[PDB]
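Contents: one structure, followed by commentary.
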Amino acid sequence: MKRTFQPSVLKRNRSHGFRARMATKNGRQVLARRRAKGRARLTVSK
Amino acid sequence: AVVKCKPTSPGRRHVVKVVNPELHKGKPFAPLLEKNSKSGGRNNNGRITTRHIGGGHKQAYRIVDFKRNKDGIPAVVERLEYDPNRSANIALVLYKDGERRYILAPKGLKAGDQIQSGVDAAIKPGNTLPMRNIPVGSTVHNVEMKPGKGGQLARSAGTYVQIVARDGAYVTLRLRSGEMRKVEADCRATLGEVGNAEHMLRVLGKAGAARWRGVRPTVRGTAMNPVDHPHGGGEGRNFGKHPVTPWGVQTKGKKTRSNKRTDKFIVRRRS
RNA sequence: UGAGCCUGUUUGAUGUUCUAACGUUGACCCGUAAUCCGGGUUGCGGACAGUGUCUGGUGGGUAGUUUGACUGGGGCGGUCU
RNA sequence: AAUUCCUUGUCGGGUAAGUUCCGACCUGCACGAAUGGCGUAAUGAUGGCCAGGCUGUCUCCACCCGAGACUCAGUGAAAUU
RNA sequence: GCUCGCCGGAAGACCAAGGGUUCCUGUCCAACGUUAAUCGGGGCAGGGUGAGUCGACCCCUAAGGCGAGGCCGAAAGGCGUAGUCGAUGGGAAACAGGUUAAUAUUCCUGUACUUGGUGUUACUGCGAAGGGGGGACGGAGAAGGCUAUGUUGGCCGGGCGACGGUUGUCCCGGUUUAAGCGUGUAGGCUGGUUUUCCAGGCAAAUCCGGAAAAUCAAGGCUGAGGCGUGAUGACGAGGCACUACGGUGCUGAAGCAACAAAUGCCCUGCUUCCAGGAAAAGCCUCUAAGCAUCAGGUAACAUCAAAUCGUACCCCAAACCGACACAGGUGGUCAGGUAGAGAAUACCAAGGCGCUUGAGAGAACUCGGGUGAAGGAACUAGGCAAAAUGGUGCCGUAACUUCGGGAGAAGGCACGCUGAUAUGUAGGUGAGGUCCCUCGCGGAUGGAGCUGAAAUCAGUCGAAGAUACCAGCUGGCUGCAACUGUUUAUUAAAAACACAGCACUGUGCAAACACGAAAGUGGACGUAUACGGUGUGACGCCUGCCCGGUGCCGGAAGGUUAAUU
RNA sequence: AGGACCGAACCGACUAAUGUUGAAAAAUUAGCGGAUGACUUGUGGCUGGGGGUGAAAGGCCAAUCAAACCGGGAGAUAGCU
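If you read the sequences in order, they're chains A and B.
Counting from 1, position 46 in the first sequence corresponds to residue 46 in the numbering used here; the numbering is continuous, with no gaps.
Offset between the second sequence (1-based) and the numbering used here: plus 1000.
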């Protein structure tokens, strides 16, 4: 039975990547929020 | 020629075809082609703005001369041709100086004919003149609406327009809808009427035929629910209400024209 | 064309004509190496069209709510001073 | 009658026997002409009825071949209280 | 180590996507492995990935994303021009043999090819952000030439058989060789050359396009396969001496022909149909401003350069998606023998496995199968389930019909083996020999050898010759929707939805209509034989009366009526 | 020639039995429908919540849909247990 997750690095990076986040005003807010909380990993990029 | 097909299958029982043995078999002219892509009805926002469109066959665009400039140089007809972007055939012409062009095909035009455009051109089919030089009571096609713009009226298969009266700097025309209109006398037009009048005597035969051309199914509003259309609901089959569009306006009788900028060029409306 | 003033003087409404505000999703030149944009010349409409404030009409297309109590179970009947 | 409450209406066919099926009658509680009327060859993992062949579906059950259930050695849950 | 069973269009071999040391060697058995474990895809330590030609990076674009100035919006922001990105698509070049415990078109041996820079010699009009060619394109169908591959014969090396016979029409094994270079065949397409002139290709053209004379009839482009060279080489059963069980040095026979044959190549070809079938660069040509002693261009020699990242292993699965060492899901390539129409079905080859708890007994009852005396739907809401028919060739076949159908209607007869026709028949391929010739991968005649259906007559065995796996049950009367299609992922597949056809109504182009505070965009690079909305649903015969109510369309003389003064 | 006919690969889901603390949070075995077309599959792209897409079942939008998920107003209100 086909399930929901079907991996693809290209799509992953084009969807939730660092440059994608920085391209928009709200993505910078996501980054600032995570930085304030103090996370070890910011984005999905290796 | 209209030909019925034999009933060798249920999808072939009701098929009538139009066949013309004079159309060219082979590739088209290359220097006058362009690529055309499909849309599905979607606009620049990505939304369906016109319904029931999608799919079909790949097509290429043939450039056509609705201007008919180039006065004074005769041209000869080379071959007639098929066009997937319209309901009328096209013709290729070669000019005396070595330039080729595509034009609309009128009735009775065949290979080996001579055509011309200008103020002093003859009066015969396929020739172009400003409407200040055509006799009153003539049949024309490919009519302009502004001097120097391009043909915009009577461009489909079998159609034409009639000149009725001339008075001043204006000409009065009767259109295919039963309407009288006024346009400037410096516009252009072409003698005769458009060809391929057999186009309306065809029967498709099966749903795949309409799917080949890019038409998707139509769903009735009485088969939906009250949250989709003003015609939905019911325990059984019920209507009990005045017919309306999918957005709440009355079909079957109401009017929708509102244009005060152009009301002065209408003499009498379609009856 | 009906109305004041001292046939002569202002303000109204109806219609003909004009060009100078305004429109041009008609043609040509330049920025420019470009079917966006701006400038220039020339045709075509022209005080119409269109927009702002105010005002009468229509408006389940969309939104927020109302639709009482008694009762040998509730509803239908009947009642409530 | 995909519609008929009274109703298993009445007459004929098929069965030894037929509240279902087929053909008619008109007393249509409450059919009817593009929210279409009456027909129709071919097509349907569509609803109803009847025959030939075939059988453990059944009178009415008997034997046999394999995996569990039982005994021995190792590992080892659960709902509820 | 010797037997036995299972798969074999897979349960074999190689990849992509996705994981990331699971790969090889040494040592250990606490916890993990549904049991024991000396074993492991487990613990610890060391080793392993070698490129001018394979990929990525690079040159060019599709759908689409961003977007200098620009237009638009309370802010935030939206859409777009010149540009610049984005593969699932276009763009140079390499093959055999040997080798490690683990890498191979990368390492060693033998023989090849592709693009640029620099110097010399010889000939000389070169030049882009511009003009032209080319790249460059659909569905279906047919038969002609071939190869991969197989079968038999010939040749070389062994054997003479645990129990009757086996010196022969006997048994087992081998018979392999590439890219590059020359030859330009089966076949496909197109007439060649010179001179004059011209309102076209934003300007120029010797290039493209068009008109007019003369002459010549054979010029050019394309193209699988075969043949020679590569090759006095490599490989090859076995043999000459030693073994750590992975091996060293040497030596080495034959290495031919006939037949059948693809869904692969010629073939982006040929024939036919309507629904009419991508873009840009590399590449070939022509010139403009400009330089002409220069710079530059074509040809020959010598020299240099081709950097950086991936390369282990799994990959229909115990290593990926399902919490699990889970009976599920996952795209591409390769295609042996005997029967058979076949990539179906049965037994095998190369190769790979026996699925990580066992040993006994032979109770009721549950699950998956086999057989049944007499009867044959008497069972049940209902023939639910089971039983039954099942191939090829020939005879033969109703009502009704839109003349295509119904139809495989229904129902019957033959089917194995051996001999003769004919020591292998009708067909298919085809060497030698004789002539002709522009002398070649030629033409005509010729038949040695190889392969091989269907049929008739006459005999013979058994209860049964389509013998196993495989493989339609048939007929009569009715309701609904004309027909092929779609739908409630996870209790409803239908009479519901769609449909070809028909009618009403709107729309004159800056169209009606829709997404948008606006700019803009789709409708459409379309123009009433075209577009949007609503109802009915092939086809045949048809579709009657009512405008009082509510809608819609036209009128405008009378009554009522807003802001404003 | 054909939304033609029989039938493997490929795409579906009509009947029955098993399973229901399952081998599986929708499967297995024996039968079943389409199979040159309105067909089927790989890679990348676009449409965002009173919104989209819908051969129309209130179907689908990450095991969640008569108004998705996440964080805030927030200790919303609760004549009721």
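For every residue, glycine included, the Cβ atom is placed at its ideal position computed from N, Cα and C.
{"Check": "Nonlocal neighbours in the same chain, by C-beta distance under 6 Å from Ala1001 (chain B), ignoring five residues either side", "Outcome": "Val1019"}
{"Check": "Euclidean distance between Cα positions of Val9 (chain A) and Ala40 (chain A)", "Outcome": "21 Å"}
{"Check": "Between the CA atoms of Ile1053 (chain B) and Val1015 (chain B) - distance to the nearest angstrom", "Outcome": "24 Å"}
{"Check": "Member of B:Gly1011, B:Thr1262, B:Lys1025, B:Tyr1102 whose CA lies at the smallest distance from the CA of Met1145 (chain B)", "Outcome": "B:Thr1262"}
{"Check": "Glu1193 (chain B) in three-state terms, based on DSSP", "Outcome": "coil"}
{"Check": "First through last residue of the alpha helix (DSSP H) which encompasses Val30 (chain A)", "Outcome": "25-37"}
{"Check": "For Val1171 (chain B) and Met1224 (chain B), believed in contact at Cβ under 8 Å, the rounded distance", "Outcome": "About 50 Å; that fails the 8 Å criterion."}
{"Check": "Spatial distance of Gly1011 (chain B) from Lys1255 (chain B) (CA atoms)", "Outcome": "40 Å"}
{"Check": "Continuous beta strand (DSSP E) assignments of at least 3 residues falling wholly in the stretch 1093-1160 of chain B", "Outcome": "1100-1104, 1128-1130, 1139-1141"}
{"Check": "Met1 (chain A) in three-state terms, based on DSSP", "Outcome": "coil"}
{"Check": "At least 3 beta-carbon pairs within less than 8 Å: the stretch 1146-1155 of chain B vs the stretch 1207-1220 of chain B", "Outcome": "no"}
{"Check": "Touch test, the stretch 1059-1066 of chain B against the stretch 1024-1040 of chain B, Cβ-Cβ under 8 Å, three pairs minimum", "Outcome": "yes"}
{"Check": "Alpha-carbon to alpha-carbon, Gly1205 (chain B) and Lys1006 (chain B)", "Outcome": "12 Å"}
{"Check": "Neighbourhood of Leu42 (chain A) by C-beta, 8 Å cutoff - its chain only, sequence neighbours within 5 removed", "Outcome": "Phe18, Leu31, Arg34, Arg35"}
{"Check": "Cβ contact (3+ pairs, closer than 8 Å) linking the stretch 1084-1094 of chain B and the stretch 1166-1181 of chain B", "Outcome": "no"}
{"Check": "Identity of the residues DSSP links to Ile1090 (chain B) by a beta bridge", "Outcome": "B:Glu1081, B:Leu1104"}
{"Check": "Sequence-distant residues of the same chain with beta carbon closer than 7 Å to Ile1048 (chain B), five excluded per side", "Outcome": "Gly1041, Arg1042"}
{"Check": "Where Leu10 (chain A) sits in the DSSP three-state scheme", "Outcome": "helix"}
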